[PDB]
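Here the structure is laid out as structure tokens; the discussion comes afterwards.
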Amino acid sequence: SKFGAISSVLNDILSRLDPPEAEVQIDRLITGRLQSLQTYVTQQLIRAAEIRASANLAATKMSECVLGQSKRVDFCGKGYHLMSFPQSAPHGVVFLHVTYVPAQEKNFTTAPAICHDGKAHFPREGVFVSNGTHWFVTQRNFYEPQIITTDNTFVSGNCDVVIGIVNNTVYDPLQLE
Amino acid sequence: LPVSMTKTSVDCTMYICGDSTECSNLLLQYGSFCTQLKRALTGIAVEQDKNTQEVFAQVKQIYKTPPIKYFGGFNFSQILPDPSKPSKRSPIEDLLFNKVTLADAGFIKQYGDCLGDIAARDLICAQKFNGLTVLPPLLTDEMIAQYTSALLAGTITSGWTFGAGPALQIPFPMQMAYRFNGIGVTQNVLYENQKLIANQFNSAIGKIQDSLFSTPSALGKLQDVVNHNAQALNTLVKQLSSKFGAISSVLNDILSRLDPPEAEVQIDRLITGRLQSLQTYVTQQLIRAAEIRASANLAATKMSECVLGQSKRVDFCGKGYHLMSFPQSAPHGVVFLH
Amino acid sequence: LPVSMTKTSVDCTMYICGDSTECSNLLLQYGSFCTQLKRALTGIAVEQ
Amino acid sequence: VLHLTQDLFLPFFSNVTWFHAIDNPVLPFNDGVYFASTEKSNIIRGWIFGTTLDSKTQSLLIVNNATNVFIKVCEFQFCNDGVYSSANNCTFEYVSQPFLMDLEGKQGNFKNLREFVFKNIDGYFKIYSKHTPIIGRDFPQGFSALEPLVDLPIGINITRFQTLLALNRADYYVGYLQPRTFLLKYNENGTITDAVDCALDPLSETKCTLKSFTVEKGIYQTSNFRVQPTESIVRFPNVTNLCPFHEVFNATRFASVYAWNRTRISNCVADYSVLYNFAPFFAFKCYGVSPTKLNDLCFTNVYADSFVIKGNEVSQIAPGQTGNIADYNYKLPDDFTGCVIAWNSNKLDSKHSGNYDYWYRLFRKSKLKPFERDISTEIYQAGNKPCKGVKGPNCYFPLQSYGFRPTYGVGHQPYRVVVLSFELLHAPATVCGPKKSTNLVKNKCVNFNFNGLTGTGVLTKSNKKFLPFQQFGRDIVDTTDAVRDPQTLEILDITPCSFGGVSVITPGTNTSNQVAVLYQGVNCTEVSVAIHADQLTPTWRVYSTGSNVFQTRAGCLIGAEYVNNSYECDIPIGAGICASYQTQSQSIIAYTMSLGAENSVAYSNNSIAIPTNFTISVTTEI
Amino acid sequence: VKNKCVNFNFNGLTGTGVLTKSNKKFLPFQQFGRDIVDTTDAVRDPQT
Amino acid sequence: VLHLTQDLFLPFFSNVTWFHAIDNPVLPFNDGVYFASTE
Ligand SMILES: *[C@@H]1O[C@H](CO)[C@@H](O[C@@H]2O[C@H](CO)[C@@H](O)[C@H](O)[C@@H]2O)[C@H](O)[C@H]1NC(C)=O
Ligand SMILES: *[C@@H]1O[C@H](CO)[C@@H](O[C@@H]2O[C@H](CO)[C@@H](O)[C@H](O)[C@@H]2O)[C@H](O)[C@H]1NC(C)=O
Ligand SMILES: *[C@@H]1O[C@H](CO)[C@@H](O[C@@H]2O[C@H](CO)[C@@H](O)[C@H](O)[C@@H]2O)[C@H](O)[C@H]1NC(C)=O
Ligand SMILES: *[C@@H]1O[C@H](CO)[C@@H](O[C@@H]2O[C@H](CO)[C@@H](O)[C@H](O)[C@@H]2O)[C@H](O)[C@H]1NC(C)=O
Ligand SMILES: *[C@@H]1O[C@H](CO)[C@@H](O[C@@H]2O[C@H](CO)[C@@H](O)[C@H](O)[C@@H]2O)[C@H](O)[C@H]1NC(C)=O
Ligand SMILES: *[C@@H]1O[C@H](CO)[C@@H](O[C@@H]2O[C@H](CO)[C@@H](O)[C@H](O)[C@@H]2O)[C@H](O)[C@H]1NC(C)=O
Ligand SMILES: *[C@@H]1O[C@H](CO)[C@@H](O)[C@H](O)[C@H]1NC(C)=O
Ligand SMILES: *[C@@H]1O[C@H](CO)[C@@H](O)[C@H](O)[C@H]1NC(C)=O
Ligand SMILES: *[C@@H]1O[C@H](CO)[C@@H](O)[C@H](O)[C@H]1NC(C)=O
Ligand SMILES: *[C@@H]1O[C@H](CO)[C@@H](O)[C@H](O)[C@H]1NC(C)=O
Ligand SMILES: *[C@@H]1O[C@H](CO)[C@@H](O)[C@H](O)[C@H]1NC(C)=O
Ligand SMILES: *[C@@H]1O[C@H](CO)[C@@H](O)[C@H](O)[C@H]1NC(C)=O
Ligand SMILES: *[C@@H]1O[C@H](CO)[C@@H](O)[C@H](O)[C@H]1NC(C)=O
Ligand SMILES: *[C@@H]1O[C@H](CO)[C@@H](O)[C@H](O)[C@H]1NC(C)=O
Ligand SMILES: *[C@@H]1O[C@H](CO)[C@@H](O)[C@H](O)[C@H]1NC(C)=O
Ligand SMILES: *[C@@H]1O[C@H](CO)[C@@H](O)[C@H](O)[C@H]1NC(C)=O
Ligand SMILES: *[C@@H]1O[C@H](CO)[C@@H](O)[C@H](O)[C@H]1NC(C)=O
Ligand SMILES: *[C@@H]1O[C@H](CO)[C@@H](O)[C@H](O)[C@H]1NC(C)=O
């Protein structure tokens, strides 16, 4: 680009005029090319900052998903994270998130607590679920019904403060033995 | 949290050489100095659209709240959409829109009333006079509220399951019991103090609206972003009235006053001034867009963690042991209710 | 981890035109080129 | 390479006029001429160029022969059919290899079609030719590059053009070139395979601005659209009184430079043709304004300074000069907005026996600041004496004599100099040029010339509260908003012409060539009335059938019909509208983007959904 | 002299570099060469 | 608008000299003069 100078070639402009006059054209070309180079450098700096941020994110994702299990939702892929595998790519990294995603679900029934005899029972770790006629306990993320038993549930309450409580019986392995 | 900023599409040719063929020919001697500027601004606009998409479009299926609203005693009328209002926005979402004043809407098609401005034409007509236009966002402020409503109605009827796989319904008292169990307190506490915790929740939700009402500016970050963009644009416009060492600051004046062979020097001075001003504007906009992108990434992470589940990281989702979060849309930003 | 750096408040007039009225008048012809710089430096200091 | 050039080219899909021969119209020559013909062996000989084609302006001839050509630049008279009858003041003959090469494969079916392009950019007559075997049964659509043959500098004026014939006992294809931007694709061997215009179709413009020949699916911002003004209005003030310029230049006693006469010019119509009249000019060096472009400006005040000085002192008088007059008698300011005048006056400032009525100062205590008068007779001090009284040694009179006689040299002849001062600043102008006052038209993009304020826009009535002394309007950003009409004393707002921006929405060219056009941020009833009046800067004319118009919130889309269905966003347009290429049998449709599948959950007091199965999904992240 | 860093002055086109034989397909009217970014790449020998 | 100007103005809360008539002293003129009178 001429940048307002007579010619755009330093070699041509140098042999075409004497230095006292060619100094003006050389100054114009210098003040153009220096500004172009500064624009390039500033753009490279901003892009390098963005790439550094992305690389920090990639490193965090590696240290969390790959080197362990991450509990943060939608961080290591969509779903319930299990593990990850890295793959190298040109000027980047590729992750293979392995996620656990639920499937076919069924309406059953639920109750916050179950009252055997004046005491409210709650699941230790799980949901109180009902086929429709017999109450059971099971996990939250997979349907594995179990017979209600004093080891699946902990007792604390008075059967009068819980809202939505449901009547049934809870079994204990100790009276039988 | 800011999520995006105003999208500008500066015209190098019109801004630097208003409808002057001689000035255009002189500007062509600088090479592609303004093609870079147009590309950078286009990238900034696309990045803003991507930021909004990342922050809000987190769920693929738009859920709807149940026709009745009895969430075990919890009151959500303040955050749920109001059917009576034409905009279909929450009462808490209305205050955010009424407390933020945008200098340039952009989606106005204001041409046609600059002639009819009657009084002295305002900032927007002044910017239109020198080729300084602003593009409208891809996602309107109405459908963003729809995304927010879907996301908030997914976290009160299905817990955190709709953020992982299929949405599985579960009563809100049981969801609250599970969130309680996640922080180390057993569920019997909630099942015994359900009424008291419902009263506390209602009181907090009620008094947050008045706290946003009576404060001068609690949304200072969004207003800060808007003011910064408007002031950068105003400073860009104000550089058109500087001579930059030329005979006059008006291209139409120096063109009609001097012959081209002598006017070329003044035109070159004006070129080297306005190009530098435009490059400074573009660089500052790039920096501000990078900062906004970082903030939008933080907002997207906060959404995905606090809203779509329970977060164990202390002081991330508010002060104290985190339970849940409700999103609210604000002009060029998002509002969280931890 | 770094938390902050030095806070600077560059002065346009004294840096470019040391106590020279003619240079100040010449600089005034550039418009508000450097008021942007002063605002940027103040914003950096406040941010830090 | 995909090099892009801007030069004189024949527009794609342009008007080409086909003739027949069995008299020889003279086709105008302007910006070059494209010539194409198809003949069996030979029916066309040569061409004639020049203006008026007579013996008064240099002409040109390119007549071919059996083995050579006869290019020359001459002063032909006529032939009216041996093709000339005059070669008086004629040079620059030239003979070389013939431009016509014809081959046949033992049959006349190979009717080679010959294409020629001539142009006269900065003289340097250029001729390009290319002979293709594509028979000419129909003007072929395949690409055939044109290679130069000769390049010779006629350096003459050409406006008219003719064509010779031959003898015997379907041709003449003529096209005209225009300045267009072309994108040319070069083969690996250096030939030209395909080229695309950049001012023909919206897809062509996107293909030009994203230089390539494959345009991927998406929306591309190419250029901006501007409503070109229709009528130019000039409204000069309500005065028709001519200046006393004649009195200024017809004085009899232009004073000396030491005491320069100073007059003022106001309440004028200033035409400088009368100034040119009474002046055998010698020096019209004008600095602030261009003398040619001087009758189209308005000055708030004009000052006419007059004095008589010597030949070298004319070159002395200029912004930032030096000398006895430029320092002690008349110093023009460095930022002088004005210009001087000088012509010989050897008949009024000269007489027999001599004349010394004039004076000048060489002895001043210091320099003279611009536009300062130092008329005073004080003896210049030398050494340290308080010298008073008579003049002599060490005691010098300040002003000496410009003794003028009718017999001097040119450098010493009594030149007459009158310098003019103008103030071209934002002010109520009182002195204006002789430009007429046209009518006023509102609500239409017009070039206005209100009292020297040149610009463009739409003007209309306003309800401002202009105070009596007010003349202009402005805004916090210092741009002219309203101008009071000098001949009507009313208030008119100024508007941008139509400034916007055109974005072209297209699928991939490997899929289809259909495109849609978006005019950003404009109520596009404005463009519809503008596009009918043919005052839009974009020349790429997209169709408007009524079914393809949709006023979006971001402008309006032309070329795509709106469907009320909802789909996933394919090409983001803006304000919740996305366009995509869908089957009908194919077209471009705009629709409101769907956020997702409308789903309703079944929340209840005691209903819970528990998954009885699960799946393992592996995703990827870049 | 080929394959050696020399200063060349081909028909007034001043510069420096290493020149050698090539297999370009220069058309008869071609004189210079260039690349995608407009730098002189090949030249035709005026006496060869 | 809040336009800002730099020009010759009478300073706020400045020294202004009040005269009386019932001789007519000459006042220096420099950079302009502000004149106010009631009658
Ligand atoms: C309640 O849940 C029971 C699971 O134990 C189901 O009862 C089953 O009934 C069969 C006979 O019908 C028994 O043989 C079996 O051992 C089991 O008890 C029952 O289907 C389910 N009720 C409903 C309505 O699904
Ligand atoms: C669960 O079963 C309890 C008895 O084992 C019920 O208590 C009874 O309540 C009735 C009134 O509802 C009394 O009249 C009676 O004396 C006894 O206290 C209890 O209501 C029941 N709850 C549910 C939800 O079925
Ligand atoms: C949930 O909280 C709402 C507060 O926004 C209650 O609405 C109130 O309705 C009364 C009139 O009944 C208004 O005077 C008041 O300003 C407010 O709008 C709403 O009743 C409440 N609902 C439940 C079930 O708690
Ligand atoms: C560029 O020019 C080359 C030499 O002239 C071409 O190579 C030739 O290819 C032909 C077959 O087309 C062979 O018969 C011959 O021996 C030689 O290899 C080459 O094709 C050409 N490239 C183009 C025109 O794109
Ligand atoms: C400069 O000379 C002009 C023409 O000779 C003068 O203009 C005229 O002057 C006569 C008196 O000589 C007036 O009667 C007439 O109206 C017109 O103004 C001009 O005055 C003179 N100026 C000076 C400062 O000498
Ligand atoms: C849970 O879902 C699995 C797939 O998502 C089921 O596995 C299937 O098994 C059938 C054979 O019964 C295969 O044909 C099929 O390709 C797939 O592997 C699995 O049966 C299912 N389990 C339950 C209890 O529904
Ligand atoms: C639960 O019942 C509701 C009531 O109709 C139904 O809409 C929903 O699909 C059911 N959920 C299932 C079958 O998983
Ligand atoms: C060529 O001329 C015909 C006849 O006037 C006209 O109909 C046609 O539009 C012209 N072509 C173009 C591209 O305008
Ligand atoms: C044709 O014209 C050329 C032009 O110089 C001339 O030399 C030649 O003698 C003419 N006749 C033939 C048969 O070529
Ligand atoms: C050639 O031009 C000159 C120009 O004055 C003229 O005098 C002369 O007669 C011309 N020769 C002719 C007409 O043969
Ligand atoms: C060429 O002739 C035309 C026709 O009169 C005229 O308008 C034009 O000014 C001429 N050009 C020159 C350079 O004489
Ligand atoms: C001055 O005016 C008179 C009017 O009769 C005219 O004859 C004369 O030529 C004029 N002189 C000049 C120098 O304009
Ligand atoms: C302009 O001048 C004409 C004729 O002198 C007069 O009729 C008209 O009223 C004038 N206009 C104004 C605004 O003074
Ligand atoms: C812009 O929109 C339409 C289309 O032109 C029309 O009502 C008018 O021109 C404008 N209306 C408003 C409210 O700006
Ligand atoms: C179909 O589209 C038209 C506009 O083209 C709209 O007026 C109408 O309401 C739409 N119909 C439905 C059912 O949405
Ligand atoms: C839940 O119970 C409340 C009162 O007990 C009742 O108003 C509401 O309709 C019930 N909702 C469902 C879905 O059963
Ligand atoms: C250059 O000139 C010489 C002598 O005239 C000749 O031998 C040689 O072939 C010429 N070279 C070319 C490339 O024409
Ligand atoms: C005005 O003059 C009085 C009397 O000299 C003086 O006391 C006062 O300070 C002056 N005002 C100002 C602003 O200096």
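Cβ sites come from the backbone with ideal geometry, for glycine too, and all protein chains shown count toward neighbours. Coordinate-derived values only; no laboratory data.
The one condition from (1) surrounded by fewer than 17 Cβ atoms within 10 Å (Cβ to Cβ); (2) part of a helix (DSSP H, G or I) that B:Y321 does not meet is (2). When A:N167, A:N152 are checked against the criterion of being farther than 27 Å from B:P166 by Cβ, more than 9 Å from every other protein chain (Cβ to nearest Cβ), among the polar types (S, T, N, Q) and over 31 Å from the mean Cα position of the chain (by Cα), A:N167 stands alone in meeting it.
Condition check: crowded, with 21+ Cβ neighbours inside 10 Å, at the interface with another protein chain (Cβ under 7 Å from one of its Cβ atoms) and in contact with a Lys or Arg (Cβ under 7 Å, 6 or more places away or on another chain). Does B:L135 satisfy that?
Details: crowded, with 21+ Cβ neighbours inside 10 Å: yes; at the interface with another protein chain (Cβ under 7 Å from one of its Cβ atoms): yes; in contact with a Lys or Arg (Cβ under 7 Å, 6 or more places away or on another chain): yes.
For B:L135, the condition - crowded, with 21+ Cβ neighbours inside 10 Å, at the interface with another protein chain (Cβ under 7 Å from one of its Cβ atoms) and in contact with a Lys or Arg (Cβ under 7 Å, 6 or more places away or on another chain) - is met.
Can we say B:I92 is away from ligand 1 (no atom under 16 Å from the Cβ), within 22 Å of the chain's Cα centre (by Cα) and either within 10 Å of another protein chain (Cβ to nearest Cβ) or of a type in the set (V, I, T) (or both)?
Here the answer is yes, as B:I92 does meet what is asked.
Considered as a group, the residues in segment A:1-30 that are among the small types (G, A, S) and touching a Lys or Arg at 6+ places or on another chain (Cβ under 6 Å) include one that is nearest to the other protein chains (Cβ to nearest Cβ), and that residue is A:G4.
Does D:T509 satisfy being away from ligand 11 (no atom under 16 Å from the Cβ), at the interface with another protein chain (Cβ under 9 Å from one of its Cβ atoms) and in contact with a helix residue (DSSP H, G or I) (Cβ under 8 Å, 6 or more places away or on another chain)?
Numbers: away from ligand 11 (no atom under 16 Å from the Cβ): yes; at the interface with another protein chain (Cβ under 9 Å from one of its Cβ atoms): no; in contact with a helix residue (DSSP H, G or I) (Cβ under 8 Å, 6 or more places away or on another chain): yes.
Taking the combined requirement at face value, the residue does not satisfy it.
Confirm whether D:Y186 is within 29 Å of D:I71 (Cα to Cα), away from ligand 12 (no atom under 16 Å from the Cβ), in contact with a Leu (Cβ under 9 Å, 6 or more places away or on another chain) and of a type outside the set (D, E, K, R). Answer is no for this residue. If only residues of segment A:137-177 that are aromatic (F, W, Y) and out of contact with any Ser or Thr (no Cβ under 7 Å at 6 or more places or on another chain) are counted, the one that is nearest to ligand 1 (Cβ to nearest atom) is A:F142.
Scanning segment E:2-46 for residues that are aromatic (F, W, Y), within 14 Å of chain D (Cβ to nearest Cβ) and surrounded by 11 or more Cβ atoms within 10 Å (Cβ to Cβ) turns up E:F26, E:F32. Can we say B:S256 is part of a helix (DSSP H, G or I), among the hydroxyl-bearing types (S, T, Y) and more than 30 Å from B:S329 (Cα to Cα)? Yes; evaluated as a whole, the condition is true for this residue. Within segment B:168-180, the set of residues being more than 8 Å from chain D (Cβ to nearest Cβ), surrounded by 19 or more Cβ atoms within 10 Å (Cβ to Cβ) and either among the aliphatic types (A, V, I, L, M) or under 21 Å from B:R313 (Cβ atoms) (or both) comprises B:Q175, B:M176, B:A177, B:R179, B:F180.
From the list D:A516, D:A560, D:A533, D:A482, the lone residue that is more than 16 Å from ligand 2 (Cβ to nearest atom) and within 14 Å of chain B (Cβ to nearest Cβ) is D:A482.
Of all residues in segment D:202-255, those that are over 30 Å from D:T5 (Cα atoms) and assigned to a loop (DSSP other than H, G, I, E, B) total 17. Taking the criterion of being more than 7 Å from chain B (Cβ to nearest Cβ), part of a loop (DSSP other than H, G, I, E, B) and either among the charged types (D, E, K, R) or crowded, with 17+ Cβ neighbours inside 10 Å (or both), the only residue of segment D:578-612 that qualifies is D:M593.
Counting only strands (runs of 3 or more DSSP E) that fall entirely inside segment D:22-141 and contain at least 3 residues that are farther than 22 Å from D:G155 by Cβ, touching an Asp or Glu at 6+ places or on another chain (Cβ under 6 Å) and within 16 Å of ligand 1 (Cβ to nearest atom), no element qualifies. Counting only residues that are more than 19 Å from B:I247 (Cα to Cα) and in a loop (DSSP other than H, G, I, E, B), segment D:293-344 holds 9 of them.
Quick one: how many residues across segment B:96-110 are of a type in the set (S, T, N, Q) and either buried (at least 21 other Cβ atoms within 10 Å of the Cβ) or facing another protein chain (nearest Cβ under 10 Å) (or both)? Let's see the steps before the verdict.
To start, the set of residues in segment B:96-110 that are of a type in the set (S, T, N, Q) comprises B:98, B:101, B:110.
Imposing the further condition that a residue be either buried (at least 21 other Cβ atoms within 10 Å of the Cβ) or facing another protein chain (nearest Cβ under 10 Å) (or both) reduces the set to B:110.
Residues that pass the stated criteria total 1.
Within segment D:196-217, no residue satisfies the criterion of being under 27 Å from E:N23 (Cβ atoms) and crowded, with 18+ Cβ neighbours inside 10 Å.
Looking only at residues that are at the interface with chain D (Cβ under 7 Å from one of its Cβ atoms) and surrounded by fewer than 17 Cβ atoms within 10 Å (Cβ to Cβ) in segment A:90-99, which one is nearest to A:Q69 (Cα to Cα)?
Within segment A:90-99, the first condition is being at the interface with chain D (Cβ under 7 Å from one of its Cβ atoms), and the residues that meet it are A:92, A:94-99.
Add one more test, that the residue is surrounded by fewer than 17 Cβ atoms within 10 Å (Cβ to Cβ), and what stays is A:92, A:94, A:96.
Working: A:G92: 22, A:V94: 18, A:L96: 14 Å.
Checking each candidate, the answer is A:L96.
Please go through segment B:138-167 and pick out each residue that is more than 18 Å from B:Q310 (Cβ to Cβ), at the interface with another protein chain (Cβ under 7 Å from one of its Cβ atoms), part of a helix (DSSP H, G or I) and out of contact with any helix residue (DSSP H, G or I) (no Cβ under 7 Å at 6 or more places or on another chain). Result: B:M143, B:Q146. Restricting D:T511, D:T488, D:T479 to residues that are over 33 Å from the mean Cα position of the chain (by Cα) and among the polar types (S, T, N, Q) narrows the list to D:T511. For segment D:478-494, the set of residues classified as in a loop (DSSP other than H, G, I, E, B), touching a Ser or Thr at 6+ places or on another chain (Cβ under 8 Å) and closer than 18 Å to B:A126 by Cβ consists of D:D478, D:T479, D:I494, listed by residue number.
Considering only residues that are surrounded by 10 or more Cβ atoms within 10 Å (Cβ to Cβ) and part of a loop (DSSP other than H, G, I, E, B), which ones fall in segment D:378-398? Result: D:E378, D:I379, D:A382, D:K385, D:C387, D:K391, D:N394, D:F397, D:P398.
Give the number of residues within segment A:107-136 that are part of a strand (DSSP E or B) and within 11 Å of another protein chain (Cβ to nearest Cβ). Quick ask: steps written out before the conclusion?
Residues of segment A:107-136 that are part of a strand (DSSP E or B), as a first pass: A:107, A:110, A:114-115, A:120-123, A:127-130, A:135-136.
Those left that are additionally within 11 Å of another protein chain (Cβ to nearest Cβ): A:107, A:110, A:120-123, A:127-130, A:136.
So the answer is 11.
Taking the criterion of being away from chain B (no Cβ under 13 Å) and small (G, A, S), the residues of segment D:266-298 that qualify are D:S266, D:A270, D:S273, D:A279, D:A283. Any idea which of (1) closer than 25 Å to A:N56 by Cβ; (2) part of a helix (DSSP H, G or I) is the one B:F316 doesn't satisfy? Of (1) closer than 25 Å to A:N56 by Cβ; (2) part of a helix (DSSP H, G or I), only one is false for B:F316: (2).
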